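Quick heads-up: the structure tokens below are two forms of one chain, split into structure 1 and structure 2.
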Structure 1
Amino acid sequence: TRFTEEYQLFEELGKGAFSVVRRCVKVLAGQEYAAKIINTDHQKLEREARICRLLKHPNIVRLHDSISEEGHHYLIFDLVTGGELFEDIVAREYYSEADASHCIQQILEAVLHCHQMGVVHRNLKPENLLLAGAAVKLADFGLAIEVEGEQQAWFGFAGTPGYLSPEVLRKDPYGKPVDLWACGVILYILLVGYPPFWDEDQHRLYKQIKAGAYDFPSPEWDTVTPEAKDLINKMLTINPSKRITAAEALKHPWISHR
């Protein structure tokens, strides 16, 4: 079967549960890739495969091939070698508003395409944004869903605690706007280097999120601009319908500079 026929397997790049990512080479092509090897809910596997295919965009990991073998499934992507956005925040502590703004721009373009194609990711966070002034590529479509335009339903309780929308935590129906909440949380980290909602106790984390209990504490927020904090407030609006859309967030002056 076609992957163990055509490809050699090298060094592990990442690992969740379910999945391992390793560098592979298409031997006859002399071409390196990332292979997401999945260690075989078959419905959810083919969905992530279909969604990865759907999405061709500078800011979205580009699926080269999907291969089904005895016991393993391979989703092969173009190799992006710049590391998680997560790692770069750790190393640099935080981004200049200059660098934060080009970054969240990169992210909003990916989120805008996803939404235009009726895909909601639901697990936006730095670990799932990969670097190539290096452009940011959205990854891990393992939790992604398909919506019809502005439809909102209960699609299930899924994602990363720190990043989860109020609507999802209340078990209210939801859609595209949960990605914009995650973008708010991301943007806030970019600017100062910790999240808006932290707590040892998950239950109290979830109370904060549902209640929008974020501040811009002194001293570190005092020199951050009005335009930046404006975007975070519009992204971190509890009302999903009132929340800034991806398209509206690209036309925001902090992102436009126009």
Structure 2
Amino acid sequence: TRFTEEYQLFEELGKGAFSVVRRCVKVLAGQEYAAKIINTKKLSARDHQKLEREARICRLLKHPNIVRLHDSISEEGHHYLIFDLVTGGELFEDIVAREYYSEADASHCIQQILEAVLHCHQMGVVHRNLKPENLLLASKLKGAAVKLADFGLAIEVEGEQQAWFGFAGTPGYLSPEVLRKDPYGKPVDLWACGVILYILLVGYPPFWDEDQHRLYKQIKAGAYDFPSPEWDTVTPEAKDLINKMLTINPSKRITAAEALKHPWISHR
């Protein structure tokens, strides 16, 4: 079809199971994009449903702080999901470089992340894979806007109806209800937000172990703490929002809407 004719591939930005992400240029327009190239030669019925679901979810979400799908092009043996190019790299890189954010910078960051997650949930989308590697910066100038990316594991949910949608996500960011193999929905994203906000304030995660079984035990038990010295200067209201996000029971866990109204975000 029309990707081969209009677009030109350049360097790899990353690679997946049967997909690669490459910078491309829509030639006649002189505009650059990020092209997710999925290989479609002998895909299962399941794998086709997942591709159409990612495409559908990505078409659904129009928000300042969500990566925009430009186009979805079906060619023989290759599918192209074409997204606005985000040039400031992953949130992950920025945290490591700066070591941690100030509460002001951390608050502005998680505010934009929560406004993105709120929009997802209002549209019946659960990401399941929130982490600093899936948040991109609009530019390399400090205080640039963050953009939620990579909806490959995102699911569609019918209102607040939730269930066992299978084991998916990233170990350190997985919610307790996913590890217990219990019904789950929108709250798994707010648990991940809890992990991200903890990382933003002191520059390391609340759950870590070389042994994955032990990491999962710590997560299921909500066995995190706020050690000296890096927590010594942190406000209790910052610790409060983290606590309300890192709540084991998804019923009593703070929502995106509720978190956006937390004094630490709003009176600021």
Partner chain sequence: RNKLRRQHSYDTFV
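Under this definition, the rigid core comprises the largest set of C-alpha atoms superposing within 1.5 Å between the forms. Structure 1's sequence is the ruler for residue numbers, which start at 1.
Comparing the two isolated chains, structure 2 is the one taken from the form deposited with its partner chain bound; structure 1 is not.
Taking the rigid core as fixed, one finds a CA shift for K242 smaller than 2 Å between structure 1 and structure 2. Superposing the two forms on their core, we find that the Cα atom of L13 is displaced by 2.0 Å between structure 1 and structure 2.
Its Cα shifted by 0.5 Å between structure 1 and structure 2, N59 is reported here after superposition on the rigid core.
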